[PDB]
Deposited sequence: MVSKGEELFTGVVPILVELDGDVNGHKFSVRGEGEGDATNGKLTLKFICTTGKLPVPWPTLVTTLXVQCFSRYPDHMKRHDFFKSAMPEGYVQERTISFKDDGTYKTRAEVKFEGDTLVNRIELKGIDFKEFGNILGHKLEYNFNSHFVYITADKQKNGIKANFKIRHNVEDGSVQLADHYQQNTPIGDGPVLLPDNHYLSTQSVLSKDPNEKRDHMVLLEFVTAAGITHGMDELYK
């Protein structure tokens, strides 16, 4: 299960979204390096301009690439559900604004880890921070708290994402998350821990499509050796 992740692994991310009727698609490729907890990905909006700001899609656009330290390896649900993978479901509530609901299947197809997502955003204020494009092009650092969901043979997670707003203020996105194994084989259910996540966003200066270049670093912690 973890063996699938010892080297560099090609990644494919595919998102279809509908926000307040804006229909759009994102495709991203790149590679993950679970050993160092590192992703590098380029994302393209294939339907034209992205109708929401890129930072809001970041948590939706593969936590199996988290680097778990040796002494925590028994708490890695993500890798253990591999290669048949897992389903990852989120409700994301933007403070004083709309909601994303997301459903993704994360699994291997051949040598490639694939994150396939449908996204539905409703109730967004036009001229709010999201449909208004008022979020800075960057991303902050967070703790993702994970807990075992024994009855669904999976895990749950809560966290608040803080999005920098161009006027200096911060927009909250309350994330609720459930992951559930695809396939009836055995998986690892973790003691309570967290993932520490850090992300850098940039642009390709030769890319003319609307896009995001993403670097991510994640390590699991919160369980004392």
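Gaps between the deposited sequence and the modelled structure occur at positions 1 to 4, 66, 231 to 237.
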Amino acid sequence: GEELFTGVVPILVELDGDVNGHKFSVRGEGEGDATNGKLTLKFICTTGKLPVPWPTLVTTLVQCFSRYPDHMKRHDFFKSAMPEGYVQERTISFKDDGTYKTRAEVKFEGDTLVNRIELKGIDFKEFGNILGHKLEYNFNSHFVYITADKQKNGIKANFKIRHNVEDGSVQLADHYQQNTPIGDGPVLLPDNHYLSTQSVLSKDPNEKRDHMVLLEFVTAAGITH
From here on, numbers count along this sequence of modelled residues.
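Stretch comparison (179 to 187 versus 49 to 57) by mean CA B-factor in the PDB entry places 179 to 187 on top. Checked against the record, the higher mean CA B factor of 111 to 119 and 148 to 156 lies with 148 to 156. Sorting the modelled residues of the chain by their CA temperature factor places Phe94 in the middle third. Among the modelled residues of the chain, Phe124 sits in the middle third by CA temperature factor in this PDB entry. When the CA B factors of the chain's modelled residues are split into thirds, the value for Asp70 lands in the highest one. In the deposited entry, the Cα temperature factor of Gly32 places it in the middle third of its chain's modelled residues.
When all modelled residues of the chain are sorted by CA temperature factor, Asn192 is found within the middle third.
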